[PDB]
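Engineer: My file is work.pdb. It has PDB, C-alpha atoms:
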```pdb
ATOM      1  CA  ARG A 214       7.940   6.058  40.323  1.00  0.00           C
ATOM      2  CA  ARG A 215       7.577   9.839  40.578  1.00  0.00           C
ATOM      3  CA  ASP A 216      11.242  10.296  39.658  1.00  0.00           C
ATOM      4  CA  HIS A 217      10.593   8.175  36.563  1.00  0.00           C
ATOM      5  CA  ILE A 218       7.579  10.318  35.641  1.00  0.00           C
ATOM      6  CA  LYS A 219       9.883  13.329  36.015  1.00  0.00           C
ATOM      7  CA  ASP A 220      12.497  11.761  33.724  1.00  0.00           C
ATOM      8  CA  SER A 221       9.891  10.683  31.156  1.00  0.00           C
ATOM      9  CA  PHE A 222       8.466  14.209  31.152  1.00  0.00           C
ATOM     10  CA  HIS A 223      11.970  15.503  30.418  1.00  0.00           C
ATOM     11  CA  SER A 224      12.410  12.912  27.653  1.00  0.00           C
ATOM     12  CA  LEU A 225       9.112  13.762  25.954  1.00  0.00           C
ATOM     13  CA  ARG A 226       9.961  17.458  26.270  1.00  0.00           C
ATOM     14  CA  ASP A 227      13.376  17.155  24.591  1.00  0.00           C
ATOM     15  CA  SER A 228      11.863  15.339  21.585  1.00  0.00           C
ATOM     16  CA  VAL A 229       9.472  18.199  20.695  1.00  0.00           C
ATOM     17  CA  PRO A 230      11.348  20.838  18.644  1.00  0.00           C
ATOM     18  CA  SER A 231       9.085  23.773  19.540  1.00  0.00           C
ATOM     19  CA  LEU A 232      10.085  23.205  23.185  1.00  0.00           C
ATOM     20  CA  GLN A 233      13.838  23.578  22.612  1.00  0.00           C
ATOM     21  CA  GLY A 234      15.438  25.906  25.124  1.00  0.00           C
ATOM     22  CA  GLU A 235      12.221  26.288  27.144  1.00  0.00           C
ATOM     23  CA  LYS A 236      11.144  24.713  30.440  1.00  0.00           C
ATOM     24  CA  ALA A 237       7.414  24.588  29.765  1.00  0.00           C
ATOM     25  CA  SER A 238       4.956  23.397  32.364  1.00  0.00           C
ATOM     26  CA  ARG A 239       3.753  19.797  32.375  1.00  0.00           C
ATOM     27  CA  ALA A 240       0.517  20.913  30.710  1.00  0.00           C
ATOM     28  CA  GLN A 241       2.475  22.843  28.073  1.00  0.00           C
ATOM     29  CA  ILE A 242       4.752  19.848  27.444  1.00  0.00           C
ATOM     30  CA  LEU A 243       1.744  17.593  26.859  1.00  0.00           C
ATOM     31  CA  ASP A 244      -0.094  20.202  24.767  1.00  0.00           C
ATOM     32  CA  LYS A 245       2.891  20.873  22.505  1.00  0.00           C
ATOM     33  CA  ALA A 246       3.561  17.150  22.056  1.00  0.00           C
ATOM     34  CA  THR A 247      -0.069  16.595  21.036  1.00  0.00           C
ATOM     35  CA  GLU A 248       0.127  19.482  18.564  1.00  0.00           C
ATOM     36  CA  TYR A 249       3.470  18.237  17.204  1.00  0.00           C
ATOM     37  CA  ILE A 250       2.102  14.741  16.576  1.00  0.00           C
ATOM     38  CA  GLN A 251      -0.830  16.363  14.744  1.00  0.00           C
ATOM     39  CA  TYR A 252       1.537  18.432  12.620  1.00  0.00           C
ATOM     40  CA  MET A 253       3.780  15.475  11.785  1.00  0.00           C
ATOM     41  CA  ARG A 254       0.925  13.136  10.827  1.00  0.00           C
ATOM     42  CA  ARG A 255      -0.377  15.632   8.268  1.00  0.00           C
ATOM     43  CA  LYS A 256       3.186  16.310   7.111  1.00  0.00           C
ATOM     44  CA  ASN A 257       4.078  12.657   6.529  1.00  0.00           C
ATOM     45  CA  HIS A 258       0.739  12.116   4.758  1.00  0.00           C
ATOM     46  CA  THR A 259       1.400  15.012   2.381  1.00  0.00           C
ATOM     47  CA  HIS A 260       4.886  13.623   1.739  1.00  0.00           C
ATOM     48  CA  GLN A 261       3.562  10.116   1.049  1.00  0.00           C
ATOM     49  CA  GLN A 262       1.077  11.508  -1.461  1.00  0.00           C
ATOM     50  CA  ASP A 263       3.883  13.471  -3.125  1.00  0.00           C
ATOM     51  CA  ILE A 264       5.918  10.253  -3.416  1.00  0.00           C
ATOM     52  CA  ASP A 265       2.867   8.603  -5.012  1.00  0.00           C
ATOM     53  CA  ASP A 266       2.711  11.397  -7.607  1.00  0.00           C
ATOM     54  CA  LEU A 267       6.425  11.095  -8.385  1.00  0.00           C
ATOM     55  CA  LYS A 268       6.145   7.330  -8.874  1.00  0.00           C
ATOM     56  CA  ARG A 269       3.317   7.821 -11.376  1.00  0.00           C
ATOM     57  CA  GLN A 270       5.118  10.615 -13.234  1.00  0.00           C
ATOM     58  CA  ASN A 271       8.300   8.530 -13.414  1.00  0.00           C
ATOM     59  CA  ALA A 272       6.320   5.491 -14.573  1.00  0.00           C
ATOM     60  CA  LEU A 273       4.946   7.519 -17.486  1.00  0.00           C
ATOM     61  CA  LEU A 274       8.353   8.983 -18.388  1.00  0.00           C
ATOM     62  CA  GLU A 275       9.772   5.453 -18.443  1.00  0.00           C
ATOM     63  CA  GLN A 276       7.087   4.401 -20.926  1.00  0.00           C
ATOM     64  CA  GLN A 277       7.925   7.452 -23.058  1.00  0.00           C
ATOM     65  CA  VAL A 278      11.652   6.648 -23.036  1.00  0.00           C
ATOM     66  CA  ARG A 279      10.768   3.105 -23.981  1.00  0.00           C
ATOM     67  CA  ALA A 280       9.074   2.886 -27.378  1.00  0.00           C
ATOM     68  CA  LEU A 281      11.768   5.388 -28.428  1.00  0.00           C
TER      69      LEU A 281
ATOM     70  CA  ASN B 907      -6.847  25.730  47.353  1.00  0.00           C
ATOM     71  CA  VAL B 908      -9.289  25.736  44.435  1.00  0.00           C
ATOM     72  CA  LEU B 909      -6.613  26.565  41.870  1.00  0.00           C
ATOM     73  CA  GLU B 910      -4.517  23.391  41.983  1.00  0.00           C
ATOM     74  CA  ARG B 911      -7.740  21.365  41.884  1.00  0.00           C
ATOM     75  CA  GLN B 912      -8.419  23.030  38.538  1.00  0.00           C
ATOM     76  CA  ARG B 913      -4.761  22.759  37.502  1.00  0.00           C
ATOM     77  CA  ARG B 914      -4.727  19.024  38.253  1.00  0.00           C
ATOM     78  CA  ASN B 915      -7.918  18.543  36.233  1.00  0.00           C
ATOM     79  CA  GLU B 916      -6.559  20.383  33.187  1.00  0.00           C
ATOM     80  CA  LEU B 917      -3.379  18.320  33.480  1.00  0.00           C
ATOM     81  CA  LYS B 918      -5.538  15.180  33.499  1.00  0.00           C
ATOM     82  CA  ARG B 919      -7.363  16.296  30.349  1.00  0.00           C
ATOM     83  CA  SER B 920      -4.020  17.052  28.686  1.00  0.00           C
ATOM     84  CA  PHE B 921      -2.905  13.489  29.417  1.00  0.00           C
ATOM     85  CA  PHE B 922      -6.052  12.119  27.780  1.00  0.00           C
ATOM     86  CA  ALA B 923      -5.622  14.341  24.712  1.00  0.00           C
ATOM     87  CA  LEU B 924      -2.018  13.197  24.246  1.00  0.00           C
ATOM     88  CA  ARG B 925      -2.966   9.558  24.839  1.00  0.00           C
ATOM     89  CA  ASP B 926      -5.795   9.620  22.286  1.00  0.00           C
ATOM     90  CA  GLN B 927      -3.255  10.399  19.581  1.00  0.00           C
ATOM     91  CA  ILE B 928      -0.857   7.492  20.163  1.00  0.00           C
ATOM     92  CA  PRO B 929      -2.327   4.571  18.174  1.00  0.00           C
ATOM     93  CA  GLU B 930      -1.065   2.045  20.745  1.00  0.00           C
ATOM     94  CA  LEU B 931      -2.845   3.765  23.665  1.00  0.00           C
ATOM     95  CA  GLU B 932      -5.848   5.296  21.875  1.00  0.00           C
ATOM     96  CA  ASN B 933      -8.912   5.231  24.154  1.00  0.00           C
ATOM     97  CA  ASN B 934      -7.000   2.988  26.612  1.00  0.00           C
ATOM     98  CA  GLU B 935      -8.327   4.324  29.917  1.00  0.00           C
ATOM     99  CA  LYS B 936      -6.044   2.085  32.019  1.00  0.00           C
ATOM    100  CA  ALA B 937      -2.863   3.564  30.506  1.00  0.00           C
ATOM    101  CA  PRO B 938      -0.676   4.926  33.340  1.00  0.00           C
ATOM    102  CA  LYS B 939       0.876   8.368  33.103  1.00  0.00           C
ATOM    103  CA  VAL B 940       4.468   7.196  32.618  1.00  0.00           C
ATOM    104  CA  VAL B 941       3.240   4.891  29.840  1.00  0.00           C
ATOM    105  CA  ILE B 942       1.548   7.802  28.053  1.00  0.00           C
ATOM    106  CA  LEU B 943       4.763   9.823  28.228  1.00  0.00           C
ATOM    107  CA  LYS B 944       7.080   7.031  27.088  1.00  0.00           C
ATOM    108  CA  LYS B 945       4.761   5.865  24.302  1.00  0.00           C
ATOM    109  CA  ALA B 946       4.275   9.464  23.155  1.00  0.00           C
ATOM    110  CA  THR B 947       8.060   9.911  23.152  1.00  0.00           C
ATOM    111  CA  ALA B 948       8.685   6.743  21.138  1.00  0.00           C
ATOM    112  CA  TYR B 949       5.871   7.588  18.725  1.00  0.00           C
ATOM    113  CA  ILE B 950       7.204  11.119  18.172  1.00  0.00           C
ATOM    114  CA  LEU B 951      10.664   9.727  17.390  1.00  0.00           C
ATOM    115  CA  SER B 952       9.084   7.280  14.918  1.00  0.00           C
ATOM    116  CA  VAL B 953       7.266   9.969  12.910  1.00  0.00           C
ATOM    117  CA  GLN B 954      10.486  12.017  12.909  1.00  0.00           C
ATOM    118  CA  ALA B 955      12.269   8.940  11.562  1.00  0.00           C
ATOM    119  CA  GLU B 956       9.489   8.571   8.983  1.00  0.00           C
ATOM    120  CA  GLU B 957       9.790  12.202   7.869  1.00  0.00           C
ATOM    121  CA  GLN B 958      13.512  11.622   7.216  1.00  0.00           C
ATOM    122  CA  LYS B 959      12.812   8.438   5.246  1.00  0.00           C
ATOM    123  CA  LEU B 960      10.085  10.042   3.106  1.00  0.00           C
ATOM    124  CA  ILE B 961      12.230  13.103   2.336  1.00  0.00           C
ATOM    125  CA  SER B 962      14.933  10.637   1.319  1.00  0.00           C
ATOM    126  CA  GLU B 963      12.522   8.694  -0.898  1.00  0.00           C
ATOM    127  CA  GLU B 964      11.208  11.975  -2.341  1.00  0.00           C
ATOM    128  CA  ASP B 965      14.710  13.197  -3.167  1.00  0.00           C
ATOM    129  CA  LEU B 966      15.671  10.037  -5.063  1.00  0.00           C
ATOM    130  CA  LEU B 967      12.415  10.103  -7.040  1.00  0.00           C
ATOM    131  CA  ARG B 968      13.011  13.741  -8.012  1.00  0.00           C
ATOM    132  CA  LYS B 969      16.527  12.778  -9.085  1.00  0.00           C
ATOM    133  CA  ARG B 970      15.137  10.003 -11.274  1.00  0.00           C
ATOM    134  CA  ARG B 971      12.499  12.273 -12.820  1.00  0.00           C
ATOM    135  CA  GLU B 972      15.033  14.791 -14.097  1.00  0.00           C
ATOM    136  CA  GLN B 973      17.254  11.970 -15.367  1.00  0.00           C
ATOM    137  CA  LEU B 974      14.315  10.372 -17.206  1.00  0.00           C
ATOM    138  CA  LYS B 975      13.461  13.737 -18.771  1.00  0.00           C
ATOM    139  CA  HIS B 976      17.091  14.243 -19.814  1.00  0.00           C
ATOM    140  CA  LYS B 977      17.032  10.741 -21.303  1.00  0.00           C
ATOM    141  CA  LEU B 978      13.798  11.492 -23.179  1.00  0.00           C
ATOM    142  CA  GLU B 979      15.089  14.813 -24.518  1.00  0.00           C
ATOM    143  CA  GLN B 980      18.294  13.130 -25.697  1.00  0.00           C
ATOM    144  CA  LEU B 981      16.314  10.402 -27.473  1.00  0.00           C
ATOM    145  CA  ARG B 982      13.962  12.910 -29.118  1.00  0.00           C
ATOM    146  CA  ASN B 983      17.032  14.786 -30.368  1.00  0.00           C
ATOM    147  CA  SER B 984      18.627  11.427 -31.308  1.00  0.00           C
TER     148      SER B 984
END
```
Write out the structure in this file as structure tokens.

Structural biologist:
Amino acid sequence: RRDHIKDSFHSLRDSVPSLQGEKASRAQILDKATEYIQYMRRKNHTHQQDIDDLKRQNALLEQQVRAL
Amino acid sequence: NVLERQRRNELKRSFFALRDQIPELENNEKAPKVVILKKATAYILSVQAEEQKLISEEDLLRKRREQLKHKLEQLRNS
């Protein structure tokens, strides 16, 4: 199983962009993955709220184009 | 020595901190180490796939907004 933990560590490591080209320690791999998930959750939330704003702006512009 | 005993404990805390961020394993004490790593890997790939989808949705919406404004300006100028 310890070879599979080694491979899974390498797979987690390659998926974190701040760890590209660096052989970080196991603690640094876990820490950077935790920070990356934090960063991405806030980033996708901000994006989803931007998409909500665009849908509402477009819905109003459609109502302005209609009635004209 | 005393150093690796502290290095193994910090590693153990790091595993818990990573695990408590995966919604599937959150607060799951019985989650093995290889399960934390593989679920963290699959979760990271899923939020990277989500970022791509949202940027794609955002780009289409922006494209529609400027086409609805061009349509409105054309109508207001007949």

Engineer: Once you count all atoms listed in the file, which residues of chain A turn out to be within 7 Å of chain B? Could you give them as a list in words?

Structural biologist: residues 218, 221, 222, 224, 225, 228, 240, 243, 244, 247, 250, 253, 257, 260, 261, 264, 267, 271, 274, 275, 278 and 281 of chain A

Engineer: Please compute the CA of residue 214 in chain A-CA of residue 226 in chain A distance, one decimal, in Å.

Structural biologist: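 Computed distance, CA of residue 214 in chain A to CA of residue 226 in chain A, equals 18.2 Å.
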
Engineer: Tell me, as a list in words, which residues lie within 10 Å of residue 230 in chain A, counting only C-alpha atoms; anything in the same chain fewer than 5 positions away does not count.

Structural biologist: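 Skipping anything fewer than 5 positions along the chain leaves residues 245, 246 and 249 of chain A.
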
Engineer: Can you tell me how far CA of residue 255 in chain A sits from CA of residue 219 in chain A, in Å to one decimal?

Structural biologist: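 According to the coordinates, CA of residue 255 in chain A and CA of residue 219 in chain A are separated by 29.7 Å.
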
Engineer: Please indicate the distance in Å from CA of residue 263 in chain A to CA of residue 229 in chain A, rounded to one decimal place.

Structural biologist: 24.9 Å
